[PDB]
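Note sheet for the following structure.
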Amino acid sequence: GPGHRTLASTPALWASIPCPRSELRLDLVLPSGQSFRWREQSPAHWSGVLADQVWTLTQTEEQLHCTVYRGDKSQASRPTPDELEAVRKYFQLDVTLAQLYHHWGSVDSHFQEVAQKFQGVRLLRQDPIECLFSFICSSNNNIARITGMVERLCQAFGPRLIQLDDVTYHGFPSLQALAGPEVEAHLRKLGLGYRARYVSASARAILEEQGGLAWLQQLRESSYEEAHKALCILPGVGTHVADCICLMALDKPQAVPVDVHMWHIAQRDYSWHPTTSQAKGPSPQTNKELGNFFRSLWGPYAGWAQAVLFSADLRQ
DNA sequence: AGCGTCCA
DNA sequence: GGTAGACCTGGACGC
DNA sequence: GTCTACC
Ligand SMILES: [Mg+2]
Ligand SMILES: [Mg+2]
């Protein structure tokens, strides 16, 4: 198919959004385990599906440059202002990251040191369905493998969008696509392991037991506590996956995922131990205390601070 | 050499 | 509620 | 990382 675009080579097809590197580093956000659907198909150029369309993104010092492949047999043209607003919303650019970094660094000198090297790590605002099923796939697993599972899940069950070069892009599957009694066995052939049943069972639960797609909007409008509790009803969603979804798709900036990385960070970089449990290893009680510890330390956007340290820890 | 354990 | 261990997969890599 | 079973 047509080639993946670069900014320098097809300038007529790109438009910019004001966005300095202090506010965003694509290379520190897009491959760091928030979204699993972005690939650096050309040096410094990241391609993926954003609001039912394929986009390529690249940065200069003060601007985020965007191009869209509409794939409705229309003539090529640069993104419109309305189309760019979707990119703006996806990166939540109304939030000023430099001021959060200053606050987090002021209360936490360890954060300040890490942040000096890892500028521009912000939080994507993801589709709730894509976020839910991607993080169901993420549990007890590594980002490289998760990325392939999500890719194959979309290849098999999501709509075909367009082909660029050798890469056929697919939308994320609908709930209905994932709910049939045949889907589990298919997801097992696609290598999802025991999470195959979690994905299909969770799609069925939402459609059959929670009122369908509107439930996720209900949770977006609910409190952190209410949304986090409700998600845990789903098979494969425990407190950590629920926190991932709250933080990254349901607009709960205080939600703090606690995985193997955050637990190692707490022990190694903060010398933290639980004080609400005599036993100190990971458990429901100690994982809960650790999330509360990070909220007490970092404040209302603690989950965003978590994203900085998580992204940094992937590179060590 | 590549099996088998560790780990995400 | 606390605790322990099993669990799909496949890359890293010690031996 | 979540589930299931047992105390
Ligand atoms: Mg560039
Ligand atoms: Mg659950």
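Within every chain, numbering begins at 1; the chains are lettered A, B, ... in the order of the sequence lines, protein sequences first and strands thereafter. Just the heavy atoms: all of them, side chains too, but no hydrogens, waters or symmetry mates, feed the values below.
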* Gap between atoms CZ and P, on A:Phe135 and D:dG1 respectively (whole Å) -> 11 Å
* Structure fact -> In whole angstroms, the gap separating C1' of C:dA12 from CD1 of A:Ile143 amounts to 16 Å
* Once you round it to whole Å, what is the distance between P of D:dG1 and CE of A:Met262? -> 12 Å
* To do: For nucleotides D:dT2 and B:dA8, find the distance between their P atoms and express it as a whole number of Å.
  => 15 Å
* Please identify each residue that fulfils side chain to side chain contact (heavy atoms under 4.5 Å, CB included) with A:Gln285, with sequence neighbours left out. => A:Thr276, A:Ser277, A:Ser283, A:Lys288
Any N/O pairs under 3.5 Å between the protein and nucleotides 7-10 of chain C? List them or say none.
from, atom 1, to, atom 2, distance (Å)
C:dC8, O4', A:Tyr194, N, 3.2
C:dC8, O2, A:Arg145, NH1, 3.0
C:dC8, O2, A:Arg145, NH2, 2.8
C:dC8, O2, A:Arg195, NH1, 2.8
C:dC8, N3, A:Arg145, NH1, 3.3
C:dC8, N3, A:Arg195, NH2, 3.0
C:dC8, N4, A:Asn140, O, 3.2
C:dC8, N4, A:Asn140, ND2, 3.3
C:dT9, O4', A:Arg145, NH2, 3.2
C:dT9, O2, A:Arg145, NH1, 2.9

* Nearest-Å distance, NZ (A:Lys288) to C1' (D:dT2)? -> 17 Å
* Measure from the side-chain heavy atoms of A:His264 and tell me the nearest of D:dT2, B:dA8, C:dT3. => B:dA8
Distances under 3.5 Å between protein N/O atoms and the N/O atoms of nucleotides 3-7 of chain D, please, pair by pair.
from, atom 1, to, atom 2, distance (Å)
D:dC3, OP1, A:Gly236, N, 2.9

* Excluding sequence neighbours, so at least two apart, what forms side chain to side chain contact (heavy atoms under 4.5 Å, CB included) with A:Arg152? -> A:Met149, A:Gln155, A:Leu190
* To do: Could you measure between the two P atoms, the one in C:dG5 and the one in B:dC6, and give it in whole Å?
  => 14 Å
Show the atom names and distances, to 0.1 Å, of all donor-acceptor pairs under 3.5 Å that link a side chain in residues 131-140 of chain A to residues at least two apart or in another chain.
from, atom 1, to, atom 2, distance (Å)
A:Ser134, OG, A:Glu130, O, 2.9
A:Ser138, OG, A:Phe135, O, 2.9
A:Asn140, ND2, A:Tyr194, OH, 3.1

* If you look at every strand shown and take non-hydrogen atoms under 4.0 Å, does A:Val241 touch a base, only sugar-phosphate, or nothing? -> sugar-phosphate
* Contact class for A:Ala144 vs. all strands (heavy atom < 4.0 Å): base, sugar-phosphate, or nothing? -> nothing
* To do: Using atom CD1 of A:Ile245 as one end and atom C1' of D:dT2 as the other, report the distance to the nearest whole Å.
  => 13 Å
* To the nearest Å, how far apart are A:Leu231 CG and D:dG1 P? -> 17 Å
* To do: Tell me, please, which residues at least two apart from A:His273 pass ring pair (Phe, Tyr, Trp, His ring centres under 6.0 Å).
  => none
* Can you list every side-chain hydrogen bond (donor to acceptor under 3.5 Å, both in side chains) pair that touches residues 180-189 of chain A, not counting sequence neighbours? -> A:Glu184-A:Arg188
* Charged N to carboxylate O below 4.0 Å: is that the case for A:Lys89 and A:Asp94? -> no
* To do: Quick one: list whatever passes side chain to side chain contact (heavy atoms under 4.5 Å, CB included) with A:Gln218, sequence neighbours left out.
  => A:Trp215, A:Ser222
* **Distance, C1' atom - from B:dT5 to D:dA5, rounded to whole angstrom** => 27 Å
Distance-only donor-acceptor hits, side chain of residues 26-34 of chain A, under 3.5 Å, sequence neighbours excluded:
from, atom 1, to, atom 2, distance (Å)
A:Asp27, OD1, A:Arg25, NE, 2.9
A:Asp27, OD2, A:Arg25, NH2, 3.0
A:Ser32, OG, A:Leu28, O, 2.8
A:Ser32, OG, A:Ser311, OG, 3.3
A:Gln34, OE1, A:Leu124, N, 2.9
A:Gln34, NE2, A:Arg122, O, 2.9

* Asked: Between A:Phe91 and A:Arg125, is there a cation-pi geometry (under 6.0 Å to ring centre, at most 45° from the normal)?
  -> no
